[PDB]
Amino acid sequence: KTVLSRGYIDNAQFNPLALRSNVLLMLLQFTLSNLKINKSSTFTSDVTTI
Amino acid sequence: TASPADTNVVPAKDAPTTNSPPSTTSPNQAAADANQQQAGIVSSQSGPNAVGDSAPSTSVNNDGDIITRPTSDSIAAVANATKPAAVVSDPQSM
Amino acid sequence: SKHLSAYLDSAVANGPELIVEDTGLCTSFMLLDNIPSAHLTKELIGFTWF
RNA sequence: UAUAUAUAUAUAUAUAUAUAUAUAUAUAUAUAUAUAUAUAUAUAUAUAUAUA
RNA sequence: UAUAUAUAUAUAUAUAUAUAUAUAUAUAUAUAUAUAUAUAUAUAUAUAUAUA
(Lines give C-alpha, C1' and ligand atoms only; values in the text may rest on other atoms or scores of the structure.)
Protein backbone atom coordinates (compact mmCIF):
# COMPACT_ATOMS: atom_id res chain seq x y z
CA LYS A 1 0.00 0.00 0.00
CA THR A 2 3.00 2.28 -0.50
CA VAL A 3 1.40 4.48 -3.16
CA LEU A 4 -1.95 5.10 -4.83
CA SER A 5 -3.73 3.23 -2.05
CA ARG A 6 -4.01 5.51 0.97
CA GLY A 7 -7.51 6.82 1.55
CA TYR A 8 -9.78 4.33 -0.19
CA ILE A 9 -8.28 0.85 0.07
CA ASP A 10 -9.57 -1.38 2.84
CA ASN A 11 -7.24 -2.34 5.67
CA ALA A 12 -7.27 -5.91 4.31
CA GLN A 13 -7.29 -5.32 0.53
CA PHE A 14 -4.73 -4.56 -2.14
CA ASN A 15 -5.42 -2.93 -5.49
CA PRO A 16 -4.34 -5.26 -8.32
CA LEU A 17 -4.18 -2.35 -10.76
CA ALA A 18 -1.33 -0.71 -8.81
CA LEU A 19 0.58 -3.93 -8.21
CA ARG A 20 3.67 -3.25 -10.31
CA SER A 21 4.41 0.14 -8.80
CA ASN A 22 3.82 -1.11 -5.26
CA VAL A 23 6.10 -4.10 -5.84
CA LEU A 24 8.65 -1.81 -7.46
CA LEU A 25 8.79 0.52 -4.47
CA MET A 26 8.83 -2.43 -2.06
CA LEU A 27 11.92 -3.80 -3.76
CA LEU A 28 13.49 -0.34 -3.74
CA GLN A 29 13.09 -0.11 0.02
CA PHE A 30 14.46 -3.63 0.29
CA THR A 31 17.47 -2.51 -1.74
CA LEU A 32 18.09 0.68 0.23
CA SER A 33 17.78 -1.12 3.56
CA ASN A 34 20.85 -3.26 2.82
CA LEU A 35 23.27 -0.52 1.72
CA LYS A 36 25.95 -1.10 4.33
CA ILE A 37 29.52 -2.34 4.61
CA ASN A 38 30.49 -5.88 5.58
CA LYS A 39 32.81 -5.27 8.52
CA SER A 40 35.31 -7.89 9.68
CA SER A 41 35.06 -9.30 13.20
CA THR A 42 37.42 -11.21 15.47
CA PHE A 43 38.17 -14.90 14.97
CA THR A 44 38.76 -18.07 16.95
CA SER A 45 40.33 -21.39 16.04
CA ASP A 46 38.04 -24.41 15.98
CA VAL A 47 39.07 -27.72 17.53
CA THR A 48 35.70 -29.47 17.33
CA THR A 49 36.06 -32.79 15.49
CA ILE A 50 35.91 -32.64 11.70
CA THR B 1 35.52 33.54 10.35
CA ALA B 2 34.78 30.50 8.19
CA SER B 3 31.05 30.58 8.81
CA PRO B 4 29.39 27.49 7.29
CA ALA B 5 26.13 29.41 6.89
CA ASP B 6 27.88 31.49 4.21
CA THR B 7 29.42 28.50 2.45
CA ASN B 8 26.85 25.69 2.49
CA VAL B 9 23.93 27.64 1.01
CA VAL B 10 21.65 25.38 -1.03
CA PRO B 11 17.98 25.56 -2.02
CA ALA B 12 15.67 24.48 0.77
CA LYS B 13 13.16 21.67 0.45
CA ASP B 14 9.99 22.50 -1.49
CA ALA B 15 11.79 25.60 -2.75
CA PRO B 16 10.11 26.05 -6.17
CA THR B 17 6.60 26.46 -4.77
CA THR B 18 6.84 27.13 -1.03
CA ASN B 19 5.57 30.71 -1.08
CA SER B 20 2.49 30.00 -3.18
CA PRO B 21 -0.64 31.31 -1.44
CA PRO B 22 -3.73 29.08 -1.38
CA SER B 23 -6.01 30.36 -4.13
CA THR B 24 -7.81 29.27 -7.27
CA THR B 25 -8.05 32.49 -9.28
CA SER B 26 -4.59 33.00 -10.81
CA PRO B 27 -2.27 30.76 -8.80
CA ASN B 28 0.80 31.23 -10.97
CA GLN B 29 0.69 35.03 -10.96
CA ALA B 30 -0.12 35.07 -7.26
CA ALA B 31 2.76 32.73 -6.51
CA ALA B 32 5.08 34.88 -8.60
CA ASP B 33 4.05 37.98 -6.68
CA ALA B 34 4.55 36.19 -3.37
CA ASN B 35 8.08 35.21 -4.36
CA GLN B 36 8.84 38.78 -5.39
CA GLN B 37 7.50 40.24 -2.16
CA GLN B 38 9.13 37.50 -0.10
CA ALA B 39 12.53 38.24 -1.63
CA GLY B 40 12.34 41.80 -0.27
CA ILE B 41 11.90 43.45 -3.67
CA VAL B 42 9.24 46.17 -3.76
CA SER B 43 7.12 46.69 -6.86
CA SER B 44 8.10 50.36 -7.13
CA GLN B 45 11.69 49.25 -7.75
CA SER B 46 11.07 46.23 -9.99
CA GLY B 47 9.07 48.38 -12.41
CA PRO B 48 7.74 46.69 -15.55
CA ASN B 49 9.35 43.36 -14.63
CA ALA B 50 6.51 42.54 -12.23
CA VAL B 51 3.53 42.55 -14.59
CA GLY B 52 3.69 39.44 -16.76
CA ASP B 53 5.69 36.95 -14.73
CA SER B 54 4.31 33.72 -13.29
CA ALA B 55 5.69 31.01 -11.02
CA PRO B 56 4.75 27.43 -10.09
CA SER B 57 2.15 26.98 -7.38
CA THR B 58 0.81 24.13 -5.27
CA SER B 59 -2.74 24.89 -6.39
CA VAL B 60 -1.79 23.75 -9.91
CA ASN B 61 -1.76 20.05 -10.74
CA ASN B 62 1.08 18.44 -12.67
CA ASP B 63 -1.46 17.81 -15.42
CA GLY B 64 -2.20 21.53 -15.42
CA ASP B 65 -5.42 21.72 -13.42
CA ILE B 66 -6.63 23.77 -10.47
CA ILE B 67 -6.53 21.51 -7.41
CA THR B 68 -7.80 22.22 -3.91
CA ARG B 69 -6.59 19.07 -2.13
CA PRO B 70 -3.74 16.57 -2.53
CA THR B 71 -4.20 14.47 -5.64
CA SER B 72 -4.34 11.22 -3.68
CA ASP B 73 -7.48 12.46 -1.96
CA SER B 74 -9.01 13.22 -5.35
CA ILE B 75 -8.25 9.63 -6.32
CA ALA B 76 -9.70 8.49 -3.01
CA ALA B 77 -12.82 10.60 -3.52
CA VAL B 78 -13.70 9.08 -6.88
CA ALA B 79 -12.88 5.59 -5.62
CA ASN B 80 -15.16 5.94 -2.61
CA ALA B 81 -18.01 7.17 -4.82
CA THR B 82 -18.33 3.65 -6.29
CA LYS B 83 -18.45 0.81 -3.76
CA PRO B 84 -21.31 -1.62 -4.34
CA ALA B 85 -22.34 -3.72 -1.37
CA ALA B 86 -20.43 -6.99 -1.26
CA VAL B 87 -23.19 -9.11 0.30
CA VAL B 88 -26.82 -8.25 -0.38
CA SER B 89 -30.01 -9.78 0.99
CA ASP B 90 -32.59 -10.94 -1.53
CA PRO B 91 -35.21 -13.67 -1.10
CA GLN B 92 -34.10 -15.67 -4.15
CA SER B 93 -30.54 -16.67 -3.34
CA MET B 94 -30.29 -20.50 -3.24
CA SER C 1 21.76 21.48 13.96
CA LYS C 2 21.97 23.92 16.88
CA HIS C 3 22.06 26.40 13.99
CA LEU C 4 20.44 25.99 10.58
CA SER C 5 19.99 29.72 10.04
CA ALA C 6 20.00 29.89 6.26
CA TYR C 7 18.95 33.23 4.79
CA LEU C 8 15.51 33.19 3.14
CA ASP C 9 14.32 30.01 1.39
CA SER C 10 17.58 28.10 1.62
CA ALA C 11 19.26 25.48 3.78
CA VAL C 12 22.72 24.56 5.01
CA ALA C 13 23.97 21.50 3.17
CA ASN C 14 25.13 18.47 5.15
CA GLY C 15 27.09 15.40 4.16
CA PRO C 16 25.22 12.18 3.43
CA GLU C 17 25.58 9.31 5.87
CA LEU C 18 27.91 7.07 3.88
CA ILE C 19 29.89 4.96 6.35
CA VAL C 20 27.49 2.32 7.70
CA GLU C 21 28.89 -1.07 8.65
CA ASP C 22 27.56 -4.42 9.83
CA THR C 23 29.18 -7.27 11.73
CA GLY C 24 26.30 -9.75 11.79
CA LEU C 25 25.35 -12.07 8.94
CA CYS C 26 24.97 -10.68 5.43
CA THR C 27 21.46 -11.96 4.86
CA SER C 28 17.88 -10.77 4.74
CA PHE C 29 15.99 -14.07 4.36
CA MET C 30 15.17 -16.12 7.43
CA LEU C 31 14.44 -19.80 7.99
CA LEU C 32 11.62 -20.54 10.40
CA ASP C 33 9.15 -23.24 11.36
CA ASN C 34 5.72 -22.01 10.33
CA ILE C 35 4.00 -24.91 12.11
CA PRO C 36 5.41 -26.30 15.39
CA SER C 37 6.53 -29.90 15.67
CA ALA C 38 4.60 -32.69 17.38
CA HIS C 39 7.21 -33.06 20.16
CA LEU C 40 8.52 -36.50 19.35
CA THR C 41 10.85 -38.55 21.51
CA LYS C 42 14.49 -37.63 21.05
CA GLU C 43 16.17 -41.09 20.97
CA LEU C 44 19.62 -39.41 21.09
CA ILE C 45 20.83 -36.67 23.41
CA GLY C 46 24.24 -35.28 22.54
CA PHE C 47 27.99 -35.59 22.62
CA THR C 48 29.93 -36.91 25.60
CA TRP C 49 33.43 -35.86 26.62
CA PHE C 50 34.81 -38.14 29.32
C1' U D 1 -52.62 -15.48 11.97
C1' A D 2 -52.45 -9.83 12.15
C1' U D 3 -52.08 -5.18 14.93
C1' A D 4 -50.68 -2.37 19.47
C1' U D 5 -48.17 -2.04 24.28
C1' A D 6 -44.25 -3.75 27.86
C1' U D 7 -39.77 -6.67 29.02
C1' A D 8 -35.21 -9.32 27.36
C1' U D 9 -31.60 -10.64 23.53
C1' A D 10 -29.05 -9.67 18.71
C1' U D 11 -27.85 -6.48 14.44
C1' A D 12 -27.44 -1.43 12.08
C1' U D 13 -27.38 4.01 12.49
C1' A D 14 -26.69 8.63 15.45
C1' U D 15 -25.10 11.20 19.97
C1' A D 16 -22.15 11.40 24.53
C1' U D 17 -18.14 9.59 27.74
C1' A D 18 -13.28 6.99 28.41
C1' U D 19 -8.73 4.70 26.38
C1' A D 20 -4.97 4.21 22.25
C1' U D 21 -2.86 5.92 17.49
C1' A D 22 -2.10 9.94 13.69
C1' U D 23 -2.59 15.13 12.10
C1' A D 24 -3.35 20.49 13.21
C1' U D 25 -3.62 24.65 16.67
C1' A D 26 -2.58 26.99 21.39
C1' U D 27 -0.04 27.37 26.15
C1' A D 28 4.30 26.31 29.44
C1' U D 29 9.48 24.72 30.19
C1' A D 30 14.67 24.05 28.18
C1' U D 31 18.38 24.76 24.22
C1' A D 32 20.17 27.49 19.75
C1' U D 33 19.88 31.62 16.22
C1' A D 34 18.27 36.68 14.84
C1' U D 35 16.21 41.56 16.05
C1' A D 36 15.03 45.56 19.55
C1' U D 37 15.51 48.08 24.31
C1' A D 38 18.23 49.21 29.02
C1' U D 39 22.71 49.03 32.05
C1' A D 40 28.23 48.66 32.58
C1' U D 41 33.21 48.69 30.42
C1' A D 42 36.75 50.16 26.32
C1' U D 43 37.82 52.97 21.78
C1' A D 44 36.76 57.10 18.31
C1' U D 45 34.17 61.69 16.99
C1' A D 46 31.47 66.30 18.33
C1' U D 47 29.84 69.99 21.97
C1' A D 48 30.41 72.51 26.74
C1' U D 49 33.24 73.79 31.22
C1' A D 50 38.16 74.49 33.86
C1' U D 51 43.62 74.88 33.66
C1' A D 52 48.29 75.95 30.82
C1' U E 1 47.26 73.51 20.68
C1' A E 2 47.63 70.19 25.15
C1' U E 3 45.55 68.23 29.72
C1' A E 4 41.20 67.09 32.97
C1' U E 5 35.87 66.74 33.68
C1' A E 6 30.71 66.28 31.88
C1' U E 7 27.16 65.45 27.99
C1' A E 8 25.72 63.34 23.17
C1' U E 9 26.62 60.13 18.97
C1' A E 10 28.98 55.69 16.68
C1' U E 11 31.66 51.04 17.13
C1' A E 12 33.08 46.53 20.08
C1' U E 13 32.46 43.45 24.44
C1' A E 14 29.49 41.65 28.74
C1' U E 15 24.93 41.40 31.45
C1' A E 16 19.47 41.77 31.80
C1' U E 17 14.68 42.15 29.51
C1' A E 18 11.22 41.59 25.39
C1' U E 19 9.96 39.83 20.57
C1' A E 20 10.39 36.27 16.38
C1' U E 21 12.12 31.65 14.34
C1' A E 22 13.80 26.40 14.86
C1' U E 23 14.46 21.99 17.87
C1' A E 24 12.99 18.83 22.23
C1' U E 25 9.60 17.81 26.28
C1' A E 26 4.76 18.30 28.81
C1' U E 27 -0.31 19.89 28.91
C1' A E 28 -5.01 21.31 26.64
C1' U E 29 -8.24 21.78 22.52
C1' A E 30 -10.09 20.23 17.53
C1' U E 31 -10.24 16.63 13.56
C1' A E 32 -9.77 11.36 11.75
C1' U E 33 -9.26 6.08 12.86
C1' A E 34 -9.85 1.81 16.34
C1' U E 35 -11.67 -0.26 20.97
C1' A E 36 -15.12 -0.20 25.32
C1' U E 37 -19.42 1.77 27.86
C1' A E 38 -24.23 4.40 28.08
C1' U E 39 -28.42 6.68 25.75
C1' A E 40 -31.90 7.25 21.50
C1' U E 41 -33.90 5.44 16.84
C1' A E 42 -34.91 1.30 13.31
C1' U E 43 -35.06 -3.95 12.21
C1' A E 44 -35.39 -9.23 13.79
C1' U E 45 -36.26 -12.98 17.52
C1' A E 46 -38.53 -14.70 22.32
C1' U E 47 -41.94 -13.91 26.40
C1' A E 48 -46.40 -11.49 28.58
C1' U E 49 -50.82 -8.49 28.05
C1' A E 50 -54.93 -6.34 25.03
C1' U E 51 -57.74 -6.09 20.45
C1' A E 52 -59.48 -8.41 15.77
# chains A, B, ... in the order shown; residues from 1 in each chain; ligands from 1
call {"tool": "select_by_dssp", "arguments": {"residues": "chain B", "states": "strand (DSSP E or B)", "output": "PyMOL selection string"}}
result
chain B and resi 9-11+60+66
call {"tool": "interface_residues", "arguments": {"of": "chain C", "to": "chain A", "cutoff": "10 Å", "atoms": "only C-alpha atoms", "output": "PyMOL selection string"}}
result
chain C and resi 18-28
call {"tool": "residues_around", "arguments": {"residues": "residue B:65", "least_positions_apart": "5", "cutoff": "12 Å", "atoms": "only C-alpha atoms (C1' of nucleotides)", "output": "PyMOL selection string"}}
result
chain B and resi 24-28+57-60+71
call {"tool": "residues_around", "arguments": {"residues": "stretch 20-22 of chain A", "least_positions_apart": "5", "cutoff": "8 Å", "atoms": "only C-alpha atoms (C1' of nucleotides)", "output": "PyMOL selection string"}}
result
chain A and resi 1-3
call {"tool": "residues_around", "arguments": {"residues": "stretch 5-9 of chain A", "least_positions_apart": "4", "cutoff": "7 Å", "atoms": "only C-alpha atoms (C1' of nucleotides)", "output": "list in words"}}
result
residues 1, 13 and 14 of chain A; 73, 76, 79 and 80 of chain B
call {"tool": "closest_residue", "arguments": {"among": "C:34, C:2, C:8, C:14", "to": "residue B:19", "atoms": "only C-alpha atoms"}}
result
C:8
